[PDB]
Amino acid sequence: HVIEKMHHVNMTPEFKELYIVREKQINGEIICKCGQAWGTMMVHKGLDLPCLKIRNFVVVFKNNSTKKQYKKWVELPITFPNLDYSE
Amino acid sequence: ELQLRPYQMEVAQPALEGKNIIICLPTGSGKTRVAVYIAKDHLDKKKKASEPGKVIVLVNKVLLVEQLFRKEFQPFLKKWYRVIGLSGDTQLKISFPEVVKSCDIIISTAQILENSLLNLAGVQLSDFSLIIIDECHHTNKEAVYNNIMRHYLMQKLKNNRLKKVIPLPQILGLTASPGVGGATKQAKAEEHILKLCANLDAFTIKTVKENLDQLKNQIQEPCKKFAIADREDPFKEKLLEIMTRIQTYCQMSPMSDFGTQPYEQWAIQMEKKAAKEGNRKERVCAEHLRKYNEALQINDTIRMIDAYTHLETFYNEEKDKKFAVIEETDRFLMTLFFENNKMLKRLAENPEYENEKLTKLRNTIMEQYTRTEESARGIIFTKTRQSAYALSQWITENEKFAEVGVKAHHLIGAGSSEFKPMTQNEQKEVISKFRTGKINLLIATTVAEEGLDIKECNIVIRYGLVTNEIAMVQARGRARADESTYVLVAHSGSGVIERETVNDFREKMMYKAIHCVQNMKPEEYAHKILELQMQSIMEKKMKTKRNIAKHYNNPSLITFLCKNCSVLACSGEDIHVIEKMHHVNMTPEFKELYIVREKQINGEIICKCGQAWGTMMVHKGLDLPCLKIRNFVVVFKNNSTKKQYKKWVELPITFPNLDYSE
Amino acid sequence: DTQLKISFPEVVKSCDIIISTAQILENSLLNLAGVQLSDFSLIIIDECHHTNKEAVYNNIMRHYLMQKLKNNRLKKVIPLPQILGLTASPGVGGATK
RNA sequence: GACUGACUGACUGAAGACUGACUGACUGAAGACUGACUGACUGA
RNA sequence: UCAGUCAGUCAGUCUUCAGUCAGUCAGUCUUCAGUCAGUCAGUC
Ligand SMILES: Nc1ncnc2c1ncn2[C@@H]1O[C@H](COP(=O)(O)OP(=O)(O)O)[C@@H](O)[C@H]1O
Ligand code: ALF
Ligand SMILES: [Mg+2]
Ligand SMILES: [Zn+2]
């Protein structure tokens, strides 16, 4: 889900269990099992929530199993729903 | 004769049947009468259906308690109900819960209720039915209203958990200008209105849309008039080269010209740094030059005499403290200061030289009162208390004022370290005299911009004031009189008229935006409102955990040192607290270290340097001197860092109370 | 960078000589209330050699140019503000001819 | 039988000084994060 | 048509700090005036 058309982020609780936080802190950095970073913790509208950078990941489609990357988010033709804030 | 004007009944229509809502009408259109009438209907109907119904009226300024008490509630309900007016100053003789249990209409200040609600016997919000909240635009980030409404909101969400209940009392709140939170977007404005609405748990703004012209006939827009001024006198520059010599002695770089707020800020912070180093021969000089700076600032604002007296008083007591120890850079100051000050008093005494602002003020006062010919009440709004009091003296002295029949007095709040603190009883009689009219000119501070209902205010005057939009809307509202004149006085040196301009545009934004939200779709309204309700609660919880974790403590770890000197004063174990309120030391050798001094019922503590430490106090039959944490320096034992704190709450140490067996 | 406290259209409506960075104006012009190019009379553009393929100046001038051609359609009008631009080296687009 | 002096408490009224904490507005400074756009260079 | 690097511009989200000022609230003490009532002691 996106904040103000500006920042992509994930709320999923099991997905919260997958990663690792790390501090050197006001924000935490996400760390994979490999040790590679994924995103940064952010606080918004009174919620606690970690974001992700598309550079840190790999996209996989379902019609064609091609492995692709993008440096920024604008290349990806996907459109996301905004934030149900009722949670 | 509780007969409302049409528009009043019109905007009161939704309120008559539940529907906790808000009413906003432009200033001077008697919203208090709407409150009184609604209250009568609520109590009478509840009596008809025979349920325990009550109502509490919250006000945020003490003076208004007595005003609204004896002006709109007494005269209309002396036969129907038991109304009681209570404020933090009146000596109670009975606990708050029984006060409410006796009467049914309460008029009180919000802090009282909140005190009575966090004492969990106390009281529960459910004990009430109707909550009248006057001037509720103050509902903002951790204000007195926000706490109360957050309890209410928390209970409401608990009720919704129950449904998928306990009654929550109906709510009313009165405003004149909800304002914007400093917003240059249409979105942020309308958002801000929504935030206020949700925090009030309102249903609809419900502002007039029918009876427009008669309203245009009731309220009057005052005539705006601008007084802007911009004489050479050496006194400013005379202080200038004195203080530049002072700065050059220690060769400080100012980084800015003198007499400015950044310079003062820099002076304070660098003085703190110098005290951290232990650097004498600089610290004292820094403080003294600072004193010159504030003296200059007062000097531009007000006449010369008081500004000189301020400095003279400081240096007088300075040498008075110094000579006590009798019983190098120090004298380096007074030696030149005293010759200069003798000259200054010679220069200051000359009344021909005068401030530019005061000049235009004199012009404005004389012009307005003479044009009015004995039918004129004028209110002058200022910034600092001593400004008010000195301006009163300035009125007193020059006989040219009195000949015109202007009778002036100064009105300020209660509570410093200066001429004299005016007390509540005195201001109460002062407003009494002002209503009569043998006090013709009133000089006031922030205290009285919201709620005064004097029927005759031809003149409202602002003296070099800079503020947000509500504190200007209300000020223009005070002129509750015909042909009302609003005068702004300032000099073009600072950003005053530009503040007025931006305030104007901001006002227009606010009106348009409230018209925008006025016309939203109910379901979207409900969704947005609910979401905002949530937001406040979660953020409050997050702040709660942040604070409680921030609190994190050996009571012996630290030791205290002078600032002027650095001689060790005492260690952590020597300090004990009275009633969690006042820190103090009992140690007998520590009694030998310091010096008492009197001008007295209490003695002031003096160091060997001459710097003050604390004050003598007598408690529970014991004689005992206390200390102020500002007067000292903290030293830890794990890390040798030199730190200071203005108040005691910052220090994470906890102290044992007082073994009284000694 | 300066913290405004008033919307751009009122800033222009108050003063008469503005000194600003081009991105500000272009932001204020694609917000269709905003502002219209016609509200101005003289457009001083310093260091205008940057007028190139989709640069900040090119967008603004393309609105101006579009309006001018619309005016010529009208003739066969709305005033178009006078333009000034300062350069030291217009340069070449990498040209050996 | 009358006189005077002093003591104490309750009631009322008033108010001189001290210190403590929370809150708002103003100004000043300010650390991090992230997003998008544009140009130049090089390369295919 | 694209990728990569670098530099510049603009906009959001926050957290947090200091300083002065003004307003609100609660304590511990000390002191004074006036009236009234009560107890006690002297010399006649
Ligand atoms: N029905 C009415 N008839 C006469 N005067 C009225 C009526 N309603 C309101 N007023 C005027 O309103 C004044 C009270 O206004 P108030 O509520 O104190 O101001 P605000 O509404 O700005 O708080 C009264 O002095 C009275 O003259
Ligand atoms: F509008 Al008011 F006091 F309520 F001036
Ligand atoms: Mg009012
Ligand atoms: Zn010392």
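The record lists cryo-EM as the method behind this PDB entry and 4.3 Å as its resolution.

A. Geometry of the interface of chain C and chain B. Opposite the five residues of chain C that make contact, chain B presents five residues. A buried area of about 490 Å², summed over both sides, lies between chain C and chain B, and 68% of it is on carbon and sulfur atoms. Looking only at chain C, the three residues that lose the most surface to chain B are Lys5(C), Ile6(C) and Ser7(C), adding up to 82% of its buried area. Our enumeration of links across chain C and chain B arrives at zero salt bridges. Looking at the side of chain C that touches chain B residue by residue, the classes come out as two nonpolar, one polar and two charged.

B. Up close: the environment of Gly30(B). Residues and elements named next belong to chain B. With respect to the helices and strands, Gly30 occurs in the loop between β1 (21-24) and α2 (31-49). Given a relative accessible area of 22%, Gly30 falls into the partly exposed group. Sequence-wise, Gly30 and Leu4 are 26 residues apart; in three dimensions their C-alpha atoms are separated by 10.0 Å.

C. Here's a closer look at the coordination of the zinc ion (ligand 4). Residues and elements named next belong to chain B. Surrounding the zinc ion (ligand 4) are the protein donor atoms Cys562 (SG), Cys565 (SG), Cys607 (SG) and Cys609 (SG), which sit 2.3 Å from the metal. Here the zinc ion (ligand 4) is ringed by four donor atoms whose angles at the metal span 98 to 120 degrees, and the overall shape comes out tetrahedral. Under the relative-accessibility criterion, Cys562 is labelled buried at 2%.

D. Layout of the protein's contact with RNA strand D. In the vicinity of RNA strand D lie 23 residues, with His7(A), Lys141(B), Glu142(B), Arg499(B) and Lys53(C) positioned nearest. Counting only atoms of RNA strand D within 4 Å of the protein, the sugar-phosphate share comes to 91%. One of the side-chain N or O atoms of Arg499(B) is found 2.5 Å from a phosphate oxygen in RNA strand D.

E. Region of the structure containing the UniProt feature "binding site: Zn(2+)" in chain B. All names here are of chain B. Under the UniProt annotation, the feature "binding site: Zn(2+)" is placed at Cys562, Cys565, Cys607 and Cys609. Within the secondary structure, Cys565 sits in the loop between β13 (559-561) and β14 (568-571). Using a relative accessible area of 14% as the deciding quantity, one classes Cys565 as buried. Among all residues touching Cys565, those that are not within four sequence positions of it are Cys607 and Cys609.

F. Layout of the packing of aromatic side chains. All names here are of chain B. Within this structure, the stated rule accounts for 19 aromatic pairs over all chains. Measuring from centroid to centroid gives 4.5 Å for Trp613 and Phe632, while their planes differ by 90 degrees, and the two rings are edge-to-face. With a gap of 19 residues between them, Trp613 in strand β19 (residues 612-619) and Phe632 in the loop between β20 (622-625) and β21 (633-635) connect regions that are remote in the sequence. The two residues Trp613 and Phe632 agree in class, both being buried. Ring pairing ties together the aromatic residues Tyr292, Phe314, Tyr315, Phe337 and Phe338, which thus form one cluster. For the cation-ring pair, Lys357 lies above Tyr463, with the distance from its terminal atom to the ring centre recorded as 6.0 Å.

G. Structural view of the site of ligand 2. Near ligand 2 you find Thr27(B), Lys31(B), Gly451(B), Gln474(B), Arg478(B) and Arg480(B), and these make up its full shell. In terms of residue class, the shell around ligand 2 is made up of no nonpolar, three polar and three charged.

H. Structural detail: the packing of helix α10 (residues 261-277) of chain B against helix α11 (residues 283-301) of chain B. All names here are of chain B. Orientation of α10 relative to α11, taken along the N-to-C sense of each, is 165 degrees, at an axis distance of 9 Å. Viewed along their axes, α10 and α11 adopt a mutual orientation that is roughly antiparallel. Once α10 is placed against α11, the crossing between them reads as left-handed. Counting all contacts with α10, which are made through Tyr263, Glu264, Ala267, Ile268, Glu271, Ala274 and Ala275, the residues of α11 involved are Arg283, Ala286, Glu287, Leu289, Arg290, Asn293, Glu294 and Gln297.

I. Geometry of the environment of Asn27(C). Examined against the element boundaries, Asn27(C) turns out to sit in helix α2 (residues 22-29). For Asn27(C), a relative accessible area of 47% puts it in the partly exposed group.

J. Representation of the interface of chain B and chain A in the model. Taken together, the contact pairs six residues of chain B with seven residues of chain A. Contact with chain A buries area across many residues of chain B, yet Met534(B), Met538(B) and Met542(B) alone supply 59% of it, more than any other trio. Linking chain B to chain A there are zero salt bridges. Put simply, chain B and chain A have zero residue pairs in polar contact between them. Tallied by class, residues from the side of chain B that touches chain A come to three nonpolar, one polar and two charged.

K. Structural view of the site of ligand 1. Residue and element names in this part refer to chain B. As a matter of local geometry, ligand 1 sits amid 13 residues, with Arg5, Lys31, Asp453, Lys455 and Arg480 nearest to it. Interatomic distance of 2.2 Å between a side-chain N/O atom of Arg480 and an oxygen atom of ligand 1. Within the complex, the protein chains bury 79% of what would otherwise be the 580 Å² of accessible surface of ligand 1. Here the residues of the shell around ligand 1 are counted per class, giving no nonpolar, seven polar and six charged.

L. Up close: a positive patch on the surface. All names here are of chain B. Together, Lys272, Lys273, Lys276, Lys628, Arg630, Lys643, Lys646 and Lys647 give the surface a local cluster of positive charge. Among the elements that line the positive patch, the one with the most residues is α10, at three residues. Within the secondary structure layout, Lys272 lies in helix α10.

M. The arrangement of the protein's contact with RNA strand E in detail. Taken together, 28 residues are adjacent to RNA strand E, and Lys71(A), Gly88(B), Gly413(B), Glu579(B) and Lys646(B) come closest. Taking all atoms of RNA strand E within 4 Å of the protein, the share assigned to sugar and phosphate is 96%. Note that a sugar or linking oxygen of RNA strand E is positioned 3.5 Å from one of the side-chain N or O atoms of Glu4(A). Note that a phosphate oxygen of RNA strand E is positioned 2.6 Å from one of the backbone N or O atoms of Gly413(B). Secondary-structure elements contributing two or more residues to the surface near RNA strand E are α5 (110-117), α20 (522-550) and β19 of chain B together with α2 of chain C. The element that contributes the greatest number of residues to the surface near RNA strand E is α5(B), accounting for three residues. Considering only residue class, the surface near RNA strand E consists of seven nonpolar, eleven polar and ten charged.

N. Quick look at the sheet that holds strand β3 (residues 20-22) of chain A. Residue and element names in this part refer to chain A. An order of β3-β4-β5-β6 is seen for the four strands of this open sheet, with the pairing classed as antiparallel. Where the open sheet ends on each side, the last strands, each with one partner, are β3 and β6 (47-50). Taken over all neighbouring pairs, the strand axes of this sheet differ in orientation by 30 degrees on average, direction set aside.

O. Spatial organisation of the pairing of strand β11 (residues 459-463) of chain B. All names here are of chain B. Most of β11 sits inside the fold, with five of its five residues counted as buried. Here four bridges tie strand β8 (residues 378-381) to β11, and the two strands are oriented parallel to one another. When the sheet's bridge partners are listed, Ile379 is paired in β11 with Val460. Bridge count for β11 against strand β12 (residues 485-491) is five bridges, and the pairing is parallel. Within β12, the position partnered with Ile461 by the bridge is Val487. Tracing the backbone out of β11, into helix α18 (residues 470-478) and back to the parallel element β12 gives a crossover that is right-handed.

The rules behind these values
Residues numbered from 1 in each chain as written, not as in the entry; some residues may be left out. Chains lettered and ligands numbered in written order. Part of a larger assembly, values for the part shown. Heavy atoms only, no water. Residues with missing side-chain atoms left out of burial classes, pairs and counts. Contact = heavy atoms within 4.5 Å. Buried area = accessible area lost by both parts, 1.4 Å probe. Salt bridge = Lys/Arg side-chain N within 4 Å of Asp/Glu carboxyl O. Nonpolar A, V, L, I, M, F, W, Y, C, P; charged D, E, K, R; others polar. Helix = DSSP H or I, 4+ residues; strand = E, 2+ residues; numbered from the N terminus. Buried < 20%, exposed > 50% of the residue type's maximum accessible area, 1.4 Å probe, protein only. Donors = N, O, S within 2.8 Å, 3.2 Å for Na, K, Ca; no water. Tetrahedral: all angles 85-135°; square planar, octahedral: opposite > 155°, others 65-115°. Near = heavy atom within 4 Å. Polar contact = N/O pair within 3.5 Å; in protein donor to acceptor, adjacent residues only side chain to side chain. UniProt positions renumbered as here; feature names shortened; annotations may be inferred. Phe/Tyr/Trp six-rings, centres within 6.5 Å; stacked < 30°, edge-to-face > 60°. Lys NZ or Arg CZ within 6 Å of the ring centre and 35° of its normal. Axes fitted to C-alpha atoms, helices over the stretch in contact; angles between N-to-C directions. Parallel < 35°, antiparallel > 145°, perpendicular 65-115°, else oblique. Left-handed = near helix turned anticlockwise from the far one by under 90°. Areas by Shrake-Rupley, 256 points an atom, 1.4 Å probe, with all protein chains shown as cover. Patch = residues over 30% accessible without salt bridge, like charges linked within 9 Å, V, L, I, M, F, W, Y side chains within 5 Å. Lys, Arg positive; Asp, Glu negative; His and termini not counted. Charge placed at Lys NZ, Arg CZ, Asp CG, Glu CD. Pairing = 2+ DSSP bridges. Right-handed = clockwise from strand over helix to strand, strands pointing away.

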